[PDB]
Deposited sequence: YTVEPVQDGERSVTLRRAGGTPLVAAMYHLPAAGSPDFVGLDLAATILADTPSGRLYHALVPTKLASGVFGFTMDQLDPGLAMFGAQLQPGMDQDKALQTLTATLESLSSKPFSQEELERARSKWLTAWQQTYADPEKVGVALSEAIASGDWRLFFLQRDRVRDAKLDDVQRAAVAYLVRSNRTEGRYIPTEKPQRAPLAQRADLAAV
C-alpha cells in the first residue's frame, strides 16, 4: 500500500432500536448516548481515536424516525482496519455492565441535554417546531415531559436502559468501504 489514489472515507456504524419516546426507558438511552458520544472526553473517542482505530466518532438518537433509532459511528482514514474499528465500537457500546456509568458522567450528560432543551424552548422558531412534533406524535406534553424525566432520571435507570438496549441482539451494523498508468 505504497500508492493510494485520493478517495472516499470508510465508515463504520452501529445502530440500535429504541423504545417509544413516551416510554420510560427512552430518556435514559438518550442520556447514555450522550455520555457515549462526547468528543473528546467520551468513551467512544478514547476507545477509537488516540488508539488510532478511527479518525473520529459520532453518536446520537433519532426520535423522528418511525420507529426510533440510536446511531453510533466512526469515520476512518483509508487503510485503517475496518473490522477492528467496528468490533471495538460495538464492544465499547455493549459492555457498560462491565464499565458502568459514573454519576459524574451522568450529570454532565443531563446538564448538556437540559441546556439544549432550554435553548429550544427559548427560541421561537424552535419551540414551535418542537411542539408540532410532539403534537404530530400524539402527545403535546411530551416536549415538557422529557425535560422532567431528564431531571429526575436515576443513574441506575440510565444504566439499566443502556444495558438492555445496547446489545447485540438489538444491533444493526453499517459499513462503507470505498471502491478504488504510468503508476
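Absent C-alpha positions map to the deposited sequence ranges 1-12, 193-196, 200-208, in order along the chain.
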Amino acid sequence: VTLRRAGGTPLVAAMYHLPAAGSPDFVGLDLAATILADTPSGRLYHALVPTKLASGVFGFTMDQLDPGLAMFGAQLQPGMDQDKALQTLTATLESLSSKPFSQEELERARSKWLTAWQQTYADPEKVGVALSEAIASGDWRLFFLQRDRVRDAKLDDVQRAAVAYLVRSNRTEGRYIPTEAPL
From here on, numbers count along this sequence of modelled residues.
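For the pair 74-82 and 87-95, the mean Cα B-factor is higher in 74-82. Between 167-175 and 16-24, the higher mean Cα B-factor belongs to 16-24. Of the candidates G42, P124, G56, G59, it is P124 whose Cα B-factor is highest according to the PDB record. Among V150, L142, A136, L36, the highest C-alpha B-factor recorded in the PDB entry belongs to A136. The deposited CA B-factor of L65 belongs to the highest third of values across its chain.
Among the modelled residues of the chain, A32 sits in the lowest third by CA temperature factor in this PDB entry.
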